[PDB]
């Protein structure tokens, strides 16, 4: 991507990707707070069932983080909230909290997507890439290198 | 860090440079935000002992002295827990003051007020259930200390009303007050780590994000109702189809109403396997109809999600965001303009 802005076909793509990342960071912070909310809550719920669960999810803080993060991409199984004891109150609350976390994930992703859509529909891309490419060229104009 | 010191200084010297600074609406808002951050840190510190996991198996009872009831140490309240109760009581008192000074009808209008009341009520219910469990455990401990003299609670057959309190978590009843307390406490903790959005509109970079997220949720609710009707349609249909094959299926999906709900809800995020519609008997008519209905439900899921996405896209593309956030932030500022609120909870009960 140091070389990408020099190309006419890929330079604007690099600028658009960088702008997307910059706007992505704010929604990452927004998602981080809710992610921490569900991580702490599910860890508190399932910390007392370390040896009484189908898997190790939510038994520790690291396990809760791993399960919740991989729930973003659907890589966490639904058995993460299933207990071995007949404590259906804890299991059902884990089911509800995991489901609410998944729905909140969709809502946050959707809101971020709508913001990205209604933040670029307002020559701008060409000027953006040309400015970046001019900076690249000016970096090689001086003596040396 | 210095909130207790500031509270003490305000109490001893209400009229001074410290008192003048504390009465500033920005300082009152900062104190309230800092107090809630302390509350969140208290919740995290309360579970800090289990951060790397419990060192003992759930089916093993570990106590301090041999004559100790296990439920006594499991249900005893820690100092951090007592601080959490004090904080919760402070916020409940603040909410009750708002309710009494602003009318019960108008109080429910704001989503923040009802959400705060629900979170605090769940906290009170969780701590009440833990208190009942602690009371029962102390009653068992009193019985042990009175009518049992063996210096070892391992060779004595205690009565069941007292023997039940020596059991590990595996033998606890499903309706155990401590189990109810733990579940409600987990819900209250999740709800507690949501009042950061009380502070979000004050920031210029995150305030508009909060307003946009709230608007997205408000428009989301209508499509949730739209999705609920079709979800109920397929839930009832597949439950009716598969209720007669409870013991003749690969898994338990669609055998009961709860199983149908779980399978269909987790099909939204792809967490339900395709074997949910596979039978063990050679009834290919039922199995194929389940396949078709599950596929139609999945396609309908995509269609509803797509239509909702198109609506969201063509409902905001029509300065509006800046005005929205500025209005919300002005409401936040006006909430701290009036006299009072100098000392955030729980440093307000006195």
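Table for the structure above
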| read-out | value |
| --- | --- |
| Scan of the stretch B:170-188 for residues that are part of a helix (DSSP H, G or I) and under 15 Å from residue B:129 (Cβ atoms), ordered by number | B:177, B:178, B:179, B:180, B:181, B:182, B:183, B:184, B:185, B:186, B:187, B:188 |
| Condition check for residue A:47: assigned to a helix (DSSP H, G or I) and more than 7 Å from chain B (Cβ to nearest Cβ) | no |
| Test: residue in the stretch B:98-107 that is surrounded by fewer than 16 Cβ atoms within 10 Å (Cβ to Cβ) and either in contact with a helix residue (DSSP H, G or I) (Cβ under 6 Å, 6 or more places away or on another chain) or under 30 Å from residue B:167 (Cα atoms) (or both) | yes |
| Any hit, the stretch A:115-122, residues being more than 7 Å from every other protein chain (Cβ to nearest Cβ), surrounded by 19 or more Cβ atoms within 10 Å (Cβ to Cβ) and assigned to a helix (DSSP H, G or I) | no |
| Residues of the stretch B:194-204 satisfying the condition of being closer than 14 Å to residue A:32 by Cβ and surrounded by fewer than 21 Cβ atoms within 10 Å (Cβ to Cβ) | B:194, B:196, B:197 |
| Top-ranked residue in the stretch B:64-77 [being in contact with a helix residue (DSSP H, G or I) (Cβ under 8 Å, 6 or more places away or on another chain) and surrounded by fewer than 15 Cβ atoms within 10 Å (Cβ to Cβ); ranked as nearest to residue B:145 (Cα to Cα)] | B:64 |
| Among the residues listed as B:167, B:198, the single one being out of contact with any helix residue (DSSP H, G or I) (no Cβ under 6 Å at 6 or more places or on another chain), closer than 25 Å to residue A:107 by Cα and within 14 Å of chain A (Cβ to nearest Cβ) | B:198 |
| Criterion (buried (at least 20 other Cβ atoms within 10 Å of the Cβ), more than 8 Å from chain B (Cβ to nearest Cβ) and not in a helix (DSSP H, G or I)) met by exactly one of A:58, A:35 | A:58 |
| Qualifying residue in the stretch B:239-254 (condition: away from every other protein chain (no Cβ under 11 Å), surrounded by fewer than 17 Cβ atoms within 10 Å (Cβ to Cβ) and under 27 Å from the mean Cα position of the chain (by Cα)) | no |
| Residue within the stretch B:269-285 that is assigned to a helix (DSSP H, G or I), within 13 Å of chain A (Cβ to nearest Cβ) and either within 30 Å of residue B:83 (Cα to Cα) or out of contact with any strand residue (DSSP E or B) (no Cβ under 7 Å at 6 or more places or on another chain) (or both) present | yes |
| Qualifying residue in the stretch A:70-80 (condition: within 25 Å of residue B:209 (Cβ to Cβ), more than 10 Å from every other protein chain (Cβ to nearest Cβ) and part of a helix (DSSP H, G or I)) | yes |
| Failed criterion for residue B:258 (all others in (1) within 14 Å of chain A (Cβ to nearest Cβ); (2) surrounded by 15 or more Cβ atoms within 10 Å (Cβ to Cβ); (3) part of a helix (DSSP H, G or I) hold) | (2) |
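Here is a yes/no grid of residues against (1) more than 9 Å from chain A (Cβ to nearest Cβ); (2) in a helix (DSSP H, G or I):
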{"residue": "B:158", "(1), (2)": "yes, no"}
{"residue": "B:191", "(1), (2)": "no, yes"}
{"residue": "B:205", "(1), (2)": "no, no"}
{"residue": "B:212", "(1), (2)": "no, yes"}
{"residue": "B:219", "(1), (2)": "yes, yes"}
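Computed from the coordinates by the stated procedures, all read-outs in this text should not be read as laboratory data. Here Cβ is always computed from backbone atoms with ideal geometry, including for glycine, and neighbour counts include all displayed protein chains.
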